[PDB]
Structure formats: C-alpha cells, structure tokens
C-alpha cells in the first residue's frame, strides 16, 4: 500500500472508505514507521489540536516535514487536516502543526448559526463537486505560491501548493471519489 490516512484521532474511517472506491486499501498511520513506503498521506477531519499534539509527540510531524521537503510524499488535509497543514492558525500561534502550507487559517470561522452546511462547488479541472462543511475553518490569507482550485462565492475552500492539497470541506462525506483520485494522480499513485 502506497496510500495512508493519519489515524491518531478523528475521522480517518471515512477516508479509508472513500479510498476503496479507487481500489485502494488505505494504510492506517499511527506510528512514524508507518510512513515508510507511502506516496500519499491524508490527514482527516477531526480535532485539530489533538491530531497536532499526537503527530508531534510521535515524531510523525517531523518525518512528514522531511518527506514533503524532499518531495517523496504528497499530502491532502481535510478540515482538521487543512488546519494541521497551515503555517499560521489565527489566534493559536503555538498550536502543534506541520505548517508547510503557506496559508493563514482560522478555525470554525464561517459565522453561521448552524455549524454545518452543504454547497455545490466548482473545482478547477475536476468540475462540480458537492461540498460538505462542518464547523468549517476559513482560509484567511494565502501565499503567492498557493493555487485556489475552488471557492464558495469568492472564498477559497480548496487550495494546492505543489504536492500539498487542502480543503475546508469533507470530500470523504460524499460518495464522489473524484477529488481523492485528483489527489492520488498528483501524488503519482
């Protein structure tokens, strides 16, 4: 298996199920050793402060940083995973995270009474994709080398920086595997 889903905490189950539609049997990553042999790693939705704390404690954060830097590992972060990837988390400068993505992300900042909504999104190259948002974080600022692949109105919700992909929505909460395939393709799987 060359595709893994970080399984320290959260909803990795949904991503494994989504990956099955691509004929992939996802490897559950719980130890740094589990990163060996992977071409792609998905960081799931969940509790961002916990995923960050555990990934740091187990040495996974540092190894992932090294792997991405050498270009031997593609990353796809969804919700908590997108927060984990962000270089800056608004209001939580010291929150444990990878921080490779040049972006400023604010946790659960959409400002809607009901903290859950769904929107049809236009994804560059992919087409229309059903976006599922739950206590969704907001991409406040993006670095110059970051590409916006999808927006809700004018707000970026799917961004890419090289082999790092991040979404504020949950593609794994739909039965559409096209965004996952898009990720595997860029990871060279």
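Positions refer to the first chain, counted from 1.
> Using only the Cα atoms and their B-factors as the entry lists them, report which of 93-101 and 74-82 averages higher.
The stretch with the larger mean CA B-factor is 93-101.
> Once you work out the mean C-alpha B-factor for both 164-172 and 13-21 from the entry, which is higher?
That would be 13-21.
> Compare the CA B factors listed in the entry for 43, 132, 158, 142 and report the winner.
Across 43, 132, 158, 142, the entry lists the biggest C-alpha B-factor for 142.
> Name the residue from 47, 154, 122, 62 with the greatest C-alpha temperature factor listed in the entry.
So the option with the highest C-alpha B-factor is 122.
> When the deposited Cα B-factors of this chain's modelled residues are ordered and cut into thirds, is residue 189 in the lowest, the middle or the highest one?
It belongs to the highest third of the chain when residues are ordered by C-alpha B-factor.
> According to the PDB entry, is the CA B factor of residue 148 in the bottom, middle or top third of its chain, that is, lowest, middle or highest?
Within its chain, residue 148 is a middle-third residue by C-alpha B-factor, going by the deposited values.
> If you rank the chain by CA B-factor, which third does residue 88 end up in: lowest, middle or highest?
It belongs to the middle third of the chain when residues are ordered by C-alpha B-factor.
> Lowest, middle or highest third: where is residue 55 by C-alpha B factor in its chain?
CA B-factor rank for residue 55: middle third.
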